[PDB]
> 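To start, I am sharing the structure in question, which I have written as structure tokens.
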Amino acid sequence: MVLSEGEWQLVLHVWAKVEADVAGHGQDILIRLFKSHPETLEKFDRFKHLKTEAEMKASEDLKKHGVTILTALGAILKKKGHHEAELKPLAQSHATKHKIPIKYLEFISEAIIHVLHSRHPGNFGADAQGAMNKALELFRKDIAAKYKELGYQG
Ligand code: HEM
């Protein structure tokens with residue numbers, strides 16, 4: 001898949017807004033993911049004991065990790081499709097060390113789109129959401145292809 005420059009502009013326009021508060025968006029996203037799909041929490045050995053959203057909101061650790069995730073995703077989106085080098089080390093740790101199925105990447109894709117829709121309605125109308133969805137589908141397709149080369153699958 002290939003996004004047009006107009007689509008990348010809609011994606012980087014709303015991402016510039018997310019970058020005004022990276023830690024808050026990171027938090028929102030991970031909590032949304034853990035509440036919606038609680039099975040995903042079991043993958044994190046560092047955060048699986050968290051019982052409630054209040055506990056999640058108060059974890060400093062969880063918040064730092066949300067900044068780590070979003071910084072890594074933001075550096076990929078800014079490449080505008082030329083992200084091969086960035087994807088390599090991310091695909092190798094998530095397929096070999098963390099063991100994250102593609103289905104979970106779909107779940108966090110959904111969580112991103114939910115949070116952007118709630119925090120940025122004006123910059124996340126239907127065309128912008130379609131371009132963000134296209135950018136994350138591209139990311140999942142490329143990561144699934146790398147998963148295959150690395151030997152992870154199902
Ligand atoms: C937008 C998609 C994602 C991005 C960009 C992302 C990125 C990261 C980054 C940069 C790290 C630290 C470096 C490394 O271990 O590779 C990381 C660690 C990790 N990731 Fe992801 N990730 C994504 C989705 C997920 C999903 C969906 C799960 C599980 C449901 C997951 C589980 C983990 C685990 C278990 C760690 C280790 C956390 C800790 O250090 O203990 N990741 N991820």
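Positions are given from 1, in the same order as the sequence printed here. Just follow the structure's listing: the first ligand is 1, and inside any ligand the first atom is 1. Both backbone and side-chain heavy atoms feed into the values below; hydrogens, waters and symmetry mates do not.
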> Please classify the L90 to ligand 1 contact at 4.0 Å (heavy-atom distances, strictly less than): side chain, backbone, both or neither.
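The answer is the side chain.
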> Considering non-hydrogen atoms only, spot the tightest contact between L77 and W8 and give its length.
O-CZ3, 3.7 Å
> Please determine whether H98 has a backbone or side-chain N, O or S atom lying under 2.8 Å from atom 21 (Fe) of ligand 1.
no
> Looking only at non-hydrogen atoms, which of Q92, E42, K43 approaches atom 35 (C) of ligand 1 most closely?
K43
> Are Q9 and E5 close enough that some pair of their side-chain heavy atoms sits under 4.5 Å apart?
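When only atoms from C-beta onward are counted, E5 and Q9 do touch, with a gap below 4.5 Å.
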> How far is atom 41 (O) of ligand 1 from the closest protein heavy atom, and which atom is that?
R46 NH1, 3.3 Å
> Which residue and non-hydrogen atom of the protein lie closest to atom 16 (O) of ligand 1, and at what distance in Å?
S93 OG, 2.5 Å
> With heavy-atom distances below 4.5 Å as the criterion, would you say the side chains of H94 and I143 are in contact?
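They are not in side-chain contact.
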> If we only count heavy atoms from C-beta on, is the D61 to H65 side-chain gap below 4.5 Å?
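No; the side chains remain at least 4.5 Å from each other.
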> Surrounding CD of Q153 (heavy atoms of other residues, nucleotides or ligands, distance under 6.0 Å), is the total greater than 12?
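For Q153, atom CD is not crowded (no more than 12 foreign heavy atoms under 6.0 Å).
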> Using a 3.5 Å cut-off on N or O atoms only, is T68 in polar contact with ligand 1?
no
> May I ask whether atom 28 (C) of ligand 1 is less than 4.0 Å from at least one protein heavy atom?
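True for atom 28 (C) of ligand 1.
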> Tell me which protein heavy atom sits closest to atom 10 (C) of ligand 1, plus the residue, atom name and distance to 0.1 Å.
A72 CB, 3.6 Å
> Can you establish whether the number of heavy atoms outside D127 located under 6.0 Å from its atom CG is more than 12?
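Atom CG in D127 is not packed in, count stays at 12 or less.
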> Starting from atom 26 (C) of ligand 1, what is the nearest protein heavy atom, named by residue and atom, and what distance separates them?
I100 CG2, 3.8 Å
> With a 4.5 Å cut-off on side-chain heavy atoms, are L3 and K80 touching?
no
> Considering only the protein, which heavy-atom contact is closest to atom 32 (C) of ligand 1, and what is its distance?
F44 CZ, 3.4 Å
> How about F124 and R119: do any of their side-chain heavy atoms sit closer than 4.5 Å?
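When only atoms from C-beta onward are counted, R119 and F124 do not touch, as no gap falls below 4.5 Å.
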> Can you check whether a protein heavy atom sits less than 4.0 angstrom from atom 13 (C) of ligand 1?
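No, because not a single protein heavy atom sits under 4.0 Å from atom 13 (C) of ligand 1.
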> Starting from atom 24 (C) of ligand 1, locate the nearest protein heavy atom and write down its residue, its atom name and how far away it is, to 0.1 Å.
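Its nearest protein heavy-atom neighbour is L105 CD2, 3.7 Å.
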> Can you find an N/O atom of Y104 closer than 3.5 Å to an N/O atom of ligand 1?
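It does not: no N or O of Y104 is found under 3.5 Å from an N or O of ligand 1.
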> Nearest protein heavy-atom contact for atom 43 (N) of ligand 1: which residue, which atom, what distance?
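Ranked first by proximity to atom 43 (N) of ligand 1 is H94 NE2, 2.8 Å.
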> Answer with side chain, backbone, both or neither: which part of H65 has a heavy atom less than 4.0 angstrom from an atom of ligand 1?
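Only the side chain of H65 comes within reach of ligand 1.
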> Considering only heavy atoms from C-beta outward, does the side chain of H37 approach that of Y104 to under 4.5 Å?
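The answer is no, as the side chains (C-beta and beyond) never meet within the 4.5 Å cut-off.
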> Do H25 and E19 have side-chain N/O donor and acceptor atoms under 3.5 Å apart?
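Absent: no donor and acceptor within the cut-off.
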> For atom 4 (C) of ligand 1, which of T40, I69, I76, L77 has the closest heavy atom?
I69
